[PDB]
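Single chain ahead, by itself, as structure tokens, in the form deposited without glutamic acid (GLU).
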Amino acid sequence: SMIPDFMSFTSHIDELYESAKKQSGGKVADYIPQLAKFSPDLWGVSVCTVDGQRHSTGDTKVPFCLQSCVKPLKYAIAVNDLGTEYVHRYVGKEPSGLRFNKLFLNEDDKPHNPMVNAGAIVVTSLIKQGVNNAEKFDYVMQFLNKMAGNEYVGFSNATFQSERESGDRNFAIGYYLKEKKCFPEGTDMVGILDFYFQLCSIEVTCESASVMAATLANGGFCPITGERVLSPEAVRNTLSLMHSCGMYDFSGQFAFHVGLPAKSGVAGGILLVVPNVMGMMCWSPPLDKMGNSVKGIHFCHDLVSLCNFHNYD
């Protein structure tokens, strides 16, 4: 209970929101039309406490693609169904670059961690093995529905189509992983890439995503349904890797000044988690050099300076 009075806190969220609104820097991702379309002025913040209390300000009901934000979510699912040991048999846990700047794999021929494309691609191949992509996709959709307490969870076919058609780097990664036997026996690599592109194209709203974050903040229990969605083990692992590998190269600076588990996405979203307190989703298309939403980064630094949510405060 670091939030004795929700109303007053809500009032502070609005002030912070308003302050970050003045930050107009950054560039909206434009490698595909579906991302370039977005207005640089879209800005929204949704909060969902461990209690189930809600608060939204700004453009919180405009759908956008999770993109990389889906990474910790599918990682959580894999750990939930397969266990920590099995999953990390295929992907690493190291947050460092190590001496592996832009390398698809580490010295042991394993993706560095679940938060980079190579890792997410490997994780994607571990979920619900043995069924067609249609079934795998439905499986994860149901899962995301539970995390969001049945709130908005859609799909962008146009993003999926464009992401796949222009994802040369991901295909390069897919073939290299095949070279090094990084997938489980009998994996259809190209088929896995399709599933990966689809997952990146799943849509949410600031409001529904915040519930997803709140579930991770509530030990794996959806705050608005009470249902156990993810195992404690899955949640703890996800938060650890989000804390260390979730904000691209800004992770170091982010962990030092913000000290919270988070995962950004090229659509401008930032899934934020305040363990045992609340889940949050900040969204604003304009990204900085590192690929993180400018307004989002600003907002997070401000949230911690004001409410002292840093893990080591």
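The term rigid core refers to the maximal set of C-alpha atoms that superpose within 1.5 Å between the two forms. Start at 1 with the first residue shown and count on from there.
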property	result
Stretch with larger C-alpha RMS deviation in 8 other deposited structures of this protein, core superposed, 149-157 versus 105-113	105-113
Of 88-96 and 190-198, which departs more from this form in 8 other deposited structures of this protein by CA RMS after core fitting	88-96
Mean Cα B-factor comparison, 124-132 or 172-180, giving the higher one as deposited	124-132
Mean Cα B-factor comparison, 227-235 or 193-201, giving the higher one as deposited	227-235
Position of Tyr75 among the chain's modelled residues by C-alpha B-factor, lowest, middle or highest third	lowest
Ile297, C-alpha B-factor rank within chain (lowest, middle or highest third)	middle
B-factor third for the C-alpha atom of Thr187 within its chain	highest
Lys61 CA temperature factor, ranked by third within the chain	middle
Chain third (lowest, middle, highest) by recorded CA B-factor, residue given as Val50	highest
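Below: the form solved in complex with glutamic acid (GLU), not depicted.
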{"property": "Open vs blocked, site of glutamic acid (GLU) as found in the deposited complex, superimposed, 2.4 Å to backbone or C-beta", "result": "open"}
{"property": "Option from 61-69, 272-280, 39-47, 252-260 whose residues, in the deposited complex, bring a heavy atom within 4.5 Å of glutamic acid (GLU)", "result": "61-69"}
{"property": "Partner contact for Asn170 in the deposited complex: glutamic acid (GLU), 4.5 angstroms, heavy atom", "result": "yes"}
{"property": "Distance check, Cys200 to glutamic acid (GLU) in the deposited complex, heavy atom within 4.5 Å", "result": "yes"}
{"property": "4.5 angstroms heavy atom contact with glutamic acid (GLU) in the deposited complex for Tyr75", "result": "no"}
{"property": "4.5 Å heavy atom contact, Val28 to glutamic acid (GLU) in the deposited complex", "result": "no"}
{"property": "Among the candidates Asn80, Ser156, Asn117, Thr187, the residue which, in the deposited complex, approaches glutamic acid (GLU) to within 4.5 Å (heavy atoms)", "result": "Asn117"}
{"property": "Within 4.5 Å of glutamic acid (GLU) in the deposited complex, all of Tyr139, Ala148 and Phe221 (non-hydrogen atom)", "result": "no"}
{"property": "Contact set, 283-313 vs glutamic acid (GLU) in the deposited complex - heavy atom within 4.5 angstroms", "result": "none"}
